[PDB]
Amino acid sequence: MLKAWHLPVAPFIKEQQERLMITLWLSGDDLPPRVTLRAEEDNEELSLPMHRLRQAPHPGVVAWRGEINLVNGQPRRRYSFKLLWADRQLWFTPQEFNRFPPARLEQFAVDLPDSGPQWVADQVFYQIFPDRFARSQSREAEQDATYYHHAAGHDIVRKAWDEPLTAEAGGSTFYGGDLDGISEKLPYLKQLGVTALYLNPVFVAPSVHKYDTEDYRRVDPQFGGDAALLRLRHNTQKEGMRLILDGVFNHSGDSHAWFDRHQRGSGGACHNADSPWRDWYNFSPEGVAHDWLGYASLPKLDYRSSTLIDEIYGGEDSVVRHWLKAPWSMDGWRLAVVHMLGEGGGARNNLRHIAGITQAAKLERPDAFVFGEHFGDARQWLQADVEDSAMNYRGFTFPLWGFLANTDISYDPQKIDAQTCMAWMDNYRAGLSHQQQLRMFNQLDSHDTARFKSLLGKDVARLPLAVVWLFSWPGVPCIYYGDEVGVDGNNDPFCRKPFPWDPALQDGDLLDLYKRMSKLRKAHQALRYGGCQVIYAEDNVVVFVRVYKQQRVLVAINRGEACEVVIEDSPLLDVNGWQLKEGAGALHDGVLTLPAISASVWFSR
């Protein structure tokens, strides 16, 4: 019966003289005579009175306003609305109306003052698995050589760029991409709209993926060494691009001097009880060192050790800070396996240690961006503010895998409609403040998944829909290298093909779409800072609007046959008019005419 609107952004909120003004919109025939702003100060629940505004913001809509005092309390301002009649109450939340009180951690929330990395919302990221992206022209003879991969039991193998990928020696096959290759491709990346790089590991390590860290203080010479990473840092700085390295601190590689399984230097932890780093690893009674999910090449680090803590993040000279200060001056860290890191061979005290890693990073570099790898549900980590963001597999990737590709994290069959997809995406982000939502690291696939283009199988025509959605859902988008020219393949090792630089092997129409979406995101504040209201979500169609001050961006996605959808009048959609910017959809008199398998974007004028 009753209708309500609120988003944690202007025009609904406004900061004014140490006060956060909060406005709620209501419409209906049985309007509550009172409305309480339920807010919070230092975790104490507050009942703040709201007053009816004289001016109707839109026809048939009543506005209520309250104020959060900003001089006291913690920066994250949580709130919801308690509608009050003579005999009853009803809550309005990020997940519509609730008959019983919402969870404290599923309210609306705004971070004021926001101390997070505010530049993230303005970025378009691009993830590069360096061995497979680009070989520098002044390439490597000594770094196209071979050596013995102890953990693998044999020599690494070299392959030419057009040699097909095989399941054989997946961690030991090198196509020879390097960091100067990335530098040389910055014009391509700038042309794509990319403003920021996330690199898979680049420190000294024997494998091709290099999560088996051997030296945390040196860049692998295979990728061009320290010199080539200094050049990449310079070249991205010159082009105004951000640069994030992969930080692998849950475990080291078993060839690291601290562990030294293959006794390259008398042995650290594995074959020495008096080793200096003996207590940096955990050894069972049964003789198996604790490792990452049973991979002996990845011995887990024991953060009970106060010397290890100092080495990774506690000290001024710690690894986390080393790469964030000059000459390196990286922009932050992607935290590999952020969720298992801890003490005693497991995740004991994990949240404290992640909080310490992030704190150490911001100490060296206040605007550093620290986000964690979360295949699972990151909400406990983000709700405790131990990191800025997560790889948003649960809140973005897997909803799209189910709705568009009928599959999921385990490649189990999925059958979810638009209702369920959007309930899923909105439930997840209800756990996050607006500022957190805007910096969630969103991607369609990664070096640890099958390529989304392949997951679509016979429904590959849906791929452009996911691209539009990637650039218009709250979060910072990350392109996985090659996705934009149509690279496909199954999961690891097959998701890491060498990038096809031959334009004959490139999907140019897909490339152009990525370019156009990056321009729209760069152009429109609501696509970077806006709130997000799902307007319509039924069967094959999702419609949502991004909202920022007076601006609106309407997005309509239709995964199935051509159809028409009626959009009820909404005060969020009450604009002078709409300009179609991308896609073939059409809007007229509240009727969306949506072609089959299409995504469309309108800007309000």
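Note that residue numbering follows the sequence shown and begins at 1.
For the pair 337-345 and 257-265, the mean Cα B-factor is higher in 257-265. For the pair 403-411 and 266-274, the mean B factor over Cα atoms is greater in 266-274. Which of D331, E96, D155, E387 has the largest Cα B-factor in the deposited entry comes down to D155.
As recorded in the PDB entry, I309 shows the highest C-alpha B-factor of the residues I309, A526, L199, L232.
In the deposited entry, the Cα temperature factor of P366 sits in the middle third of values across the chain's modelled residues.
Per-chain ranking of the deposited C-alpha B factor places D122 in the lowest third. For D144, the recorded CA B-factor ranks within the highest third of the chain. Only modelled residues enter the ranking.
Per the PDB record, residue ranking by Cα B-factor puts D178 in the middle third of the chain.
The deposited CA B-factor of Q55 belongs to the highest third of values across its chain.
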